[PDB]
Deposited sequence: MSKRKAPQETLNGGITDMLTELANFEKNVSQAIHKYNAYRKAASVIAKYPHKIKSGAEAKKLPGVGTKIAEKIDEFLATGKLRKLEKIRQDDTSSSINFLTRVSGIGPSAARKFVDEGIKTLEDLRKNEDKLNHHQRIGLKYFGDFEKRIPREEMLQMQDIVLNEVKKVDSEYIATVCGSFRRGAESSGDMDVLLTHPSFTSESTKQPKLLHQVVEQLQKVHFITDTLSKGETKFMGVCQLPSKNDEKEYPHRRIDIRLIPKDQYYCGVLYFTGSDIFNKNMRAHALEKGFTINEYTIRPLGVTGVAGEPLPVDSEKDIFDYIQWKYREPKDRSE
């Protein structure tokens, strides 16, 4: 539905969500407000009262009251006040730097560091992740058009294959479901030599190749199974530079790969629905495995999985393509 419907309500709830997470450090209220915003954003009517909204799952008595106040006055008193509170709006703002969470944002604002310029002048106080997040603050808040995702995928798959043609790499996330834009790039990597029961340089060799061709420009964190960093598409003769983008690469054991691909393809809602059905059929599906449940509820050993299809086959579901996995 068009934002013209309940965009004022949804924006208000998301704003309240951020202050719960970033200022109050109340992650479950942050998720409460988000869930309310999501269910409202799906509702195909311009909401007329708090009681109407309360019929939706995730909207309770308090959000109903807030909606009544927003509908009658066009604002929320509590939101206006915290909006103009110098310290709270600064803590909320600083968490938009990757690497700055609620605790670091609080500590910063406590000692007078409230803006990006303040952070710039205080690099001594920033860890490595935070410095990168600052350097790319604007680029990281930009979306990635799908054409650029295809160009990024071209490079990633080419260089992975060049390191060892037995690697398997899949770009997941909404991109794999067909999305016209993406927030980051999520790469799932495996190799036949790497199983649950089997090697500490499998991920490193791929990261190193991507750094040697100057696709990966920065590293946020790197271990033996997860890389989080920054990359940038190459520009040409006299064209403007592409923004820097967030990329993650995870190395998964071959026998857990398609459980990983399924899970990191999503959507979140599809995942829950698929996991709901799997239970109803006697299986438990997590990020790693699919296991049968005994009649006492006791989980058995993980079943062999060799494609996404196998998982659908186990739970008597027709294979669905990623484009039809929105829910």
{"query": "Stretches with no C-alpha position, numbering per deposited sequence from 1", "finding": "1-6, 205-206"}
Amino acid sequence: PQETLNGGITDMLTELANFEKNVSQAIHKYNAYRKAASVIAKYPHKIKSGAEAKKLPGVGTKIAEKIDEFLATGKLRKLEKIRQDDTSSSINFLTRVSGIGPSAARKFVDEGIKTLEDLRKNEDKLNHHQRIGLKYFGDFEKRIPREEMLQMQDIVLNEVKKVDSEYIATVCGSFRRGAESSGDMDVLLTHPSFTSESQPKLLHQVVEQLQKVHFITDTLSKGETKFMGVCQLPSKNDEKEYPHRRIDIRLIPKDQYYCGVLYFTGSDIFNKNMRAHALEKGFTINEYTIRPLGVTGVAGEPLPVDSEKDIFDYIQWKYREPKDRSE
From here on, numbers count along this sequence of modelled residues.
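We call the rigid core the largest set of C-alpha positions that still match within 1.5 Å between the two forms.
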query: Stretch departing more from the displayed form, 76-84 or 149-157, Cα RMS in 7 other deposited structures of this protein (core fit); finding: 76-84
query: Farther-lying stretch by C-alpha RMS in 7 other deposited structures of this protein, rigid core as reference, of 13-21 and 311-319; finding: 311-319
query: Coordinates absent for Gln199 in a third or more of other entries; finding: yes
query: Between 109-117 and 92-100 (mean CA B-factor, as deposited), the higher; finding: 109-117
query: Per the entry, higher mean C-alpha B factor between 232-240 and 73-81; finding: 232-240
query: Residue selected from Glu224, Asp164, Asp184, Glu180 by maximal Cα B factor; finding: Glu180
query: Options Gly60, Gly260, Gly50, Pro44 - largest CA temperature factor per the record; finding: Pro44
query: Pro192 - Cα temperature factor, lowest/middle/highest third of chain; finding: highest
query: Chain-relative CA temperature factor third for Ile285; finding: highest
query: Modelled-residue ranking by C-alpha temperature factor, third containing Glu123; finding: highest
query: Relative C-alpha B-factor of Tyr33, binned into the chain's lowest, middle or highest third; finding: lowest
query: Chain thirds of CA B-factor: placement of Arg246; finding: lowest
